[PDB]
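# Observations on the three-dimensional arrangement
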Amino acid sequence: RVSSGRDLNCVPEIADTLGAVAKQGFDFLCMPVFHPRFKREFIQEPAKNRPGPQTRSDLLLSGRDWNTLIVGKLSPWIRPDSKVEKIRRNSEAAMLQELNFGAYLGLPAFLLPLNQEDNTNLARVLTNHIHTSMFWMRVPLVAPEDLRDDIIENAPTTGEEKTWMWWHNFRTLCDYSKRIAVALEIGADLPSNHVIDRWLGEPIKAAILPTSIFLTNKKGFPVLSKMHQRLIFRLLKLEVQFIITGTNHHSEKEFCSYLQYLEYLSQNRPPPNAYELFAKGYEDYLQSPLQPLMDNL
Amino acid sequence: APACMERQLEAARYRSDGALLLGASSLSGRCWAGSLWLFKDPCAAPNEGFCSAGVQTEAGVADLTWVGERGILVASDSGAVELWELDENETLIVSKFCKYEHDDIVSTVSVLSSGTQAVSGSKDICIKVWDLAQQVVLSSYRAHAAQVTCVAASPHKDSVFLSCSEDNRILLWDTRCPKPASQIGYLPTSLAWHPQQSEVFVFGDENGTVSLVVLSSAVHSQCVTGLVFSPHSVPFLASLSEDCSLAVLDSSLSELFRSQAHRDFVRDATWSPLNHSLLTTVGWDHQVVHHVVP
Amino acid sequence: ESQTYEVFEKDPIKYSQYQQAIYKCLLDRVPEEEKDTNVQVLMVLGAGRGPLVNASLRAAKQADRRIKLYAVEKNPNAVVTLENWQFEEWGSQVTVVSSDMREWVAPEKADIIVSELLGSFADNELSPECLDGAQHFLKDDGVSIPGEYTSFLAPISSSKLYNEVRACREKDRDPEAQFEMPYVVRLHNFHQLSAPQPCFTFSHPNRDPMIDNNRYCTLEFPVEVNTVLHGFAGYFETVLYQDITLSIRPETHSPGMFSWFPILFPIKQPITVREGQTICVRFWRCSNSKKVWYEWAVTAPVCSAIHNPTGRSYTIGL
Amino acid sequence: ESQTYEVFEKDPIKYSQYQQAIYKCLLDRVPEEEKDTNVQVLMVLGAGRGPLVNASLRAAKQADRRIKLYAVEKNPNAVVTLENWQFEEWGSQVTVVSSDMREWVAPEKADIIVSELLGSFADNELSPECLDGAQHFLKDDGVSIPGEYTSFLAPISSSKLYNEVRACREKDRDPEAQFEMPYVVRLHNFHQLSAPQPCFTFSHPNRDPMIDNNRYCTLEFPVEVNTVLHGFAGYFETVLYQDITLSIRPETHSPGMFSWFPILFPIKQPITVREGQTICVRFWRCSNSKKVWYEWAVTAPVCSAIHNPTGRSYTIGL
Ligand SMILES: *c1cnn(CC(=O)Nc2ccc(C)c(S(=O)(=O)NCCc3ccccn3)c2)c(=O)c1Cl
């Protein structure tokens, strides 16, 4: 079937939460390793010597559960490309700390955001870490500034390609590393079409779907528009994992219904021909050409 | 009431008759949850045995407000806005409603002049307006481009509030209009209206600088976390920061008092209504410190 | 990683032995008449996730005496686990410290110190360095556990292993470096050519102004068959307290103790030996302020080159 | 080696400048009325074979005051030369010390300290580290010479140099490491694309609890021609005492001062630039308890990779 997960930012008890998650039919959960509102000081006193423990323990789950069911997340207050030196230094230290705790837990992947143009020092810190798990970069199709409403009188509203340039420059700085991949966020309005084709070729491992793009059917079930359906069809080929984020606005319907809609979409697709079938297991597998004159087969 | 209290204390608010409201959350260890507390005798805090009422929340407390006399509004880690009311004899605390409308953490909450509506802001960039009698959202406004840090209501008009963000904007709102928001260095962090005047307010910055709206002063080393005005007929201004210090300023942004009592982040300040010379502060070191101010 | 610590904690023989040794030491240090006055200060140095700490508490109970525990660990991720288990269970008995042995300013003095810094060749994880950097906040009538450890070496022949070494070649380095570095390996298809003989020995505490952990040894092994020489295998024995001991030596192995495998030192070129001849070998243990390493060479019956000069292929970082 | 020291000692401009600065400092520190009571304690840290020591004696004579010299050198072979010259000439004025700045227990406090720990890029030989490890046996009204130094960077184009780098490849390492390390070189056939701008700056003594010698800088260079980018060249200026200065900057070079050549930082792939565009570049200065290094990258007009992460190709050992 298709694989999907749940994105959260409030996990009071880890075991109960993971249980409910798996119950609704989710395969993995993405969650913070530290508390998101718990800023740490490393350089200056007296807060430098805050008593521990600084986080919850590893012995709450099992090694294989860590290894298979949990994706990590970086805390929002961490901003390495700030213009205030102090904040930037603290952010560097905290970032390394969280990444190393992730390594200690044996996590299969870790989520990191791109929400602006300059992420040079972030790339530096991560590049240091690597030369010492996969890393999923959270990057949207549309920038949040090009996404707000026209309700400010003295600052009016109006370029489809800036968010791709962000990712491209990042990956160039990191030197086209294998352990670095895309996590594409999707929203209500969609860009053109040559664009969507541009995100072809890129190492997309996951797609993020908010609850706010699902319309409601006459019966009260969740559905999607047709352009969204087209895009989903195209993504299903690359074989990505989908993540649901946000609140259940259809409080009548549990998350299981979203997932069943997704499975329904997957099932009703133009099945694979004889080629596509034969071509199973060879996608992007390099081979040396045959020489039936110099060699014998 | 709960057996133990959480170690991180975030909010502290006096009411008219002198009672004290406290808010705590757990940020480390096994369980990350919250609790609320009422102390009629504030000098007996933070002892869970000498409280008058207390309750345990599902999740963490980020902010809270008195709603007149009986009500408590809470911003939550869940992404919910929560209303509790006290029992007739102030012996218990009970939930009135719990609406999940934000898609991420609710960072800040403020009540409006009339005492019947309220505004909420989140890390999901949406601002909403609530009617507290009907339990609905009247409005969702997505104007900012990043996380919202502080909203502040005006004490003289029931349609005007302020909003700040990590995108470096400060907006003035009036819902009476069709385009409600209007615009006005370093990032802004905290806000406060002047009680007397109806056009003046203060704001704090990422670097350590306070400003009257111009006028400016460098007060702390780290981020300004809060700003509160004294109830004096001519008010003083309390300033609390991340450098673990407190300061009280006069009407000229000149420093009058400074305290290093705390060993960690200071989170809130509240002036007592009985004695206008007294000020209380809380923090993540689990201290409730009482200050007598000249 | 957490998995490593998990695998470590699964062998109960070693922890039972540690427990017994602690029990015995405390019975011998504190008479039966001051049971309720003399509190002994213990220290676990290299506490990890805290099985030694628990073994110590168990042992003090067993003996029915009174102790006071300090735990020192320089890895913060494990300190997280320790502080949780402390808040939930241990309590005030136990004080956690996040620091290196060699930099910590102790409040008071200890009666006993306890460590698990032992690898397959005894000293190859740097127990002497660390415990020497720690011996000053141990008092005069102080005890170390372990107090003694010894390593062993023996010769072997094996084409399979030689070819597995051949295969450990990798780009961007000397094409003979894989022969100049040791390996931990469960030996199976191989032939041993002569009994094991002792190499280096350490004892704690070291009450000498001339602390030199550098060493030089020479060994001669008689042969009784024609064959080839492909390397040397290593073992070790330790004395925890008097009669409590641990060994991976194949003649005196401890039953059911599977924490450690043997260690293999290789040579570049195989050496042909004949019956009655005698293999001789030299080993050095060397040092600077930054690093420790080993060097080895065969002298008889034919000479070899010196393996790993200046640590050009293998170093143990301080 | 002795030859290196010989070549160093052959530029008299620098030593005349040092002499003048010392003269001035002493005239300003000791009034004309206590000439015969106040003895000033000087220290040469990094004394080598002792031209600074002689310059200091000359200067004290010139000023007609009284001093007391300590010399510290961690190389024993040069200490031989120093002790000979001491026994034969200097006498009791001068006390020789064989030690590292960072480990020496001084008898008393100094008034002035003097150092020559400057390379082509100012800080690339580790003057900040050392002088910070030395500032505690300097007193409150103490003076350092130098007190200030600053580095500079500018862009260039040159096929010849790029091909000479291409050629510095060698076996048993990464085939792109020669692009991730700097070089000292007398630049000749090259084109400079824009003026030099300041990079990092240090000042001594450092009266701050937060001693951080780590640094981050960003720079933007305007262009006025179409061309290629092949690297960045480096320079430096220093302030010895007030108005006495030294520079290798091509706009303010000191006359006849040929001790230092420029330093070249390269990039892996050339970058094409057009008129009106703007090159931006980032540099970092990084550290651990063992090593110091640099990292650099181009952002505009096109992005490059980060050069030399974790010091994988160039390190300056402490
Ligand atoms: C949890 C899990 N599954 N269900 C059943 C469910 O998901 N039903 C569902 C989903 C989506 C749609 C659009 C409908 S419908 O009836 O509007 N159209 C039929 C499409 C469909 C989907 C899946 C299977 C078959 N047919 C119904 C739940 O109700 C929960 Cl709560």
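Residues numbered from 1 in each chain as written, not as in the entry; some residues may be left out. Chains lettered and ligands numbered in written order. Part of a larger assembly, values for the part shown. Heavy atoms only, no water.

Below, the discussion takes up the interface of chain B and chain A. Of the residues lining the interface, 50 residues belong to chain B; the matching set on chain A comes to 42 residues. Both faces combined, the contact of chain B with chain A buries some 3,800 Å², and carbon together with sulfur accounts for 55% of it. Of all residues in chain B, the largest losses of buried area upon contact with chain A belong to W32, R142 and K179 of chain B, amounting jointly to 18% of the total for that side. Here chain B is connected to chain A by four salt bridges. One salt bridge in this structure joins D150 of chain A and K179 of chain B, with 3.6 Å as the shortest N-O distance. Seen at the junction of chain B and chain A, the total is 17 residue pairs in polar contact. (Contact = heavy atoms within 4.5 Å. Buried area = accessible area lost by both parts, 1.4 Å probe. Salt bridge = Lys/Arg side-chain N within 4 Å of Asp/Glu carboxyl O. Polar contact = N/O pair within 3.5 Å; in protein donor to acceptor, adjacent residues only side chain to side chain.)

Right, let's talk about the environment of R40 of chain A for a bit. All names here are of chain A. By the secondary structure assignment, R40 is in the loop between β2 (28-32) and α2 (63-69). Residue class for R40 comes out buried when judged on its relative accessible area of 5%. Sequence separation between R40 and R50 is ten residues, and the spatial gap between their C-alpha atoms is 8.5 Å. With near-sequence residues (within four places) excluded, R40 lies in contact with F34, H35, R50, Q54, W77, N90, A94, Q97 and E98. Within the structure, the side chain of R40 is placed 3.0 Å from the side chain of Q97, a separation counted as a polar contact. (Helix = DSSP H or I, 4+ residues; strand = E, 2+ residues; numbered from the N terminus. Buried < 20%, exposed > 50% of the residue type's maximum accessible area, 1.4 Å probe, protein only.)

What follows deals with helix α7 (residues 226-238) of chain A. Residue pairs three or four apart in sequence face the same way in an α-helix, which turns once every 3.6 residues. Taking 1.5 Å as the rise per residue, α7 of chain A with 13 residues should run 18 Å; its terminal C-alpha atoms sit 19 Å apart, in good agreement. Tucked into the core, α7 of chain A has its buried residues touching α6 (194-198), β7 (204-210), β10 (241-245) and α8 (256-267) of chain A. (Expected span 1.5 Å × (residues − 1).)

Turning our eyes to something else, we now look at the nonpolar core. All names here are of chain A. The biggest cluster of nonpolar side chains holds 73 residues, and the ones touching the most others in it are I70, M95, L126, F170, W199, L209 and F242. In terms of residue count, helix α3 (residues 85-105) provides more of this core than any other element does, six residues in total. If sequence neighbours within four positions are ignored, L209 has contacts with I186, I232, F242, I243, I244, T245 and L262. (Core = buried A, V, L, I, M, F, W, Y, C linked by side-chain atoms within 4.5 Å.)

Okay, the interface of chain D and chain A next. Each side of the interface is counted separately: chain D has 16 residues, and chain A has 16 residues. Across the chain D-chain A interface, the total number found is two salt bridges. For the salt bridge of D118 of chain A with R282 of chain D, the shortest nitrogen-to-oxygen distance reads 3.8 Å. At the junction of chain D with chain A, the criterion picks out four residue pairs in polar contact.

With that settled, the discussion passes to the sheet that holds strand β17 (residues 188-193) of chain B. Residues and elements named next belong to chain B. The sheet built from four strands is open, its strands ordered β17-β18-β19-β20 with antiparallel pairing. What marks the edges here is a single partner per strand, and that holds for β17 and β20 (215-218). Adjacent strand axes in the sheet meet at a mean angle of 20°, parallel and antiparallel pairs treated alike. (Pairing = 2+ DSSP bridges. Axes fitted to C-alpha atoms, helices over the stretch in contact; angles between N-to-C directions.)

As a further point, take the site of the ligand. Residue and element names in this part refer to chain A. Taken together, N217, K219, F221, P222, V223, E254, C256, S257, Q260, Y261 and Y264 form the complete shell of residues around the ligand. In the model, an oxygen atom of the ligand is placed 3.1 Å from a nitrogen or oxygen of the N217 side chain. Contact between the ligand and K219: an oxygen atom at 3.3 Å from a side-chain N or O atom of the residue. In isolation the ligand exposes 630 Å². Once the protein is present, 62% of that is buried. Sorting elements by how many residues they give to the shell around the ligand places α8 first, with five residues. (Near = heavy atom within 4 Å. Areas by Shrake-Rupley, 256 points an atom, 1.4 Å probe, with all protein chains shown as cover.)

Residues and elements named next belong to chain D. As a packed pair, helix α2 (residues 12-29) and helix α3 (residues 51-63) sit with axes 8 Å apart at the nearest point and diverge in direction by 45°. With respect to α3, the element α2 is oriented oblique. For the crossing formed where α2 meets α3, the hand is right-handed. Where α2 abuts α3, its residues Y15, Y18, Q19, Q20, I22, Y23, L26 and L27 lie against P51, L52, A55, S56, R58, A59, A60, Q62 and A63. Looking at side-chain class alone, the contact of α2 with α3 contains twelve nonpolar, four polar and one charged residues. (Parallel < 35°, antiparallel > 145°, perpendicular 65-115°, else oblique. Left-handed = near helix turned anticlockwise from the far one by under 90°. Nonpolar A, V, L, I, M, F, W, Y, C, P; charged D, E, K, R; others polar.)

All names here are of chain C. Segmentation of chain C into domains returns domain 1 (2-145) and domain 2 (148-317). A straight line from the C-alpha centre of domain 1 to that of domain 2 covers 30 Å. Contact with domain 2 buries surface across domain 1, with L118, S120 and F121 losing the most and accounting together for 22% of the total. Put simply, domain 1 and domain 2 have three salt bridges between them. Its salt-bridge partner being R285, residue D123 comes within 2.7 Å of it at the nearest N-O pair. Seen at the junction of domain 1 and domain 2, the total is ten residue pairs in polar contact. When the residues that make up the side of domain 1 that touches domain 2 are grouped by side-chain class, the tally is 13 nonpolar, eight polar and ten charged. (Domains from an automatic or database assignment.)

This part takes up the side chain of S190 of chain B. Along the polypeptide, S190 of chain B turns up in strand β17. Note on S190 of chain B: relative accessible area 2%, which makes it buried.

The side chains of a regular strand alternate between the sheet's two faces. Residues and elements named next belong to chain D. Taking burial as the measure, the 15 residues of strand β11 (residues 227-241) include twelve buried ones, the bulk of the element. Where strand β6 (residues 148-157) lies against β11, nine bridges are found, and the strand directions are antiparallel. Considered in β11, the bridge of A154 is made with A233. Judged from the seven bridges that link them, β11 and strand β13 (residues 263-273) form a sheet pairing that is antiparallel. The residue of β13 that forms the bridge with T227 is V273.

Right, let's get into the environment of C126 of chain B. Residue and element names in this part refer to chain B. Here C126 shows up in the loop between β10 (117-122) and β11 (127-131). On the basis of relative accessibility, which here comes to 13%, the residue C126 falls in the buried class. Sequence-wise, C126 and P180 are 54 residues apart; in three dimensions their C-alpha atoms are separated by 14 Å. The residues touching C126, leaving out its near neighbours within four places in the chain, are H102, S120, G121, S140, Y141 and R142.

On to the packing of aromatic side chains, then. Residue and element names in this part refer to chain D. Taken as a whole and judged by the stated rule, the model has 35 aromatic pairs over all chains. Geometrically, the ring pair formed by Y216 and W284 is stacked, given 5.2 Å between the ring centres and 0° between the ring planes. Taken together, the residues span a long stretch of sequence, with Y216 in strand β10 (residues 215-222) and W284 in strand β14 (residues 278-287) at a distance of 68 residues. For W284, a relative accessible area of 2% gives the class buried. (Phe/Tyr/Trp six-rings, centres within 6.5 Å; stacked < 30°, edge-to-face > 60°.)

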